[PDB]
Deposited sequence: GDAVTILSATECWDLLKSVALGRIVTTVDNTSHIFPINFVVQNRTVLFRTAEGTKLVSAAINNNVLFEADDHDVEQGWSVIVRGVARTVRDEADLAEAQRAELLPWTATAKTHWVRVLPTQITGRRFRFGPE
């Protein structure tokens, strides 16, 4: 049947889950970084630890974001292609502070150039 998901459904499915992965890529070598994230107005907000390779690999680079969930009947997944941008604006920073993330430190947003979703049938 139909398994392609729409944008409004993709962004809300991402909010049902607290854990996703950043995927960075250089030439033919890629890295994956599990992150705790929240969705804010079609952006993927997460917080990054200083001096870690996630900061260097992602910030101001093209990245992949992925999150998924499943039950015994069906599963879904959402992929965001975009760019990781440091939260550096006053209004950007105030919005990031309203985020109910899991319990100095830098905020980062994945700004989407495309978002896609699939549902998988078991």
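The deposited sequence has C-alpha coordinates everywhere except the stretches 1-2, 106-110, 130-132.
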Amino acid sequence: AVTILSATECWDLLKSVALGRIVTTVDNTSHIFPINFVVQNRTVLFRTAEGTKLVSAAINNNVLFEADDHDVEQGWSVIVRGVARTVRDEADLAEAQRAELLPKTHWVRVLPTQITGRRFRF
From here on, numbers count along this sequence of modelled residues.
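For the segment pair 22-30 and 57-65, the entry gives 22-30 the higher mean B-factor, averaged over Cα atoms. Stretches 47-55 and 81-89 differ in mean C-alpha B factor, with the higher average recorded for 47-55. Sort the chain's modelled residues by C-alpha temperature factor and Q97 lands in the highest third, per the entry. Among all modelled residues in its chain, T116 ranks in the lowest third by Cα B-factor.
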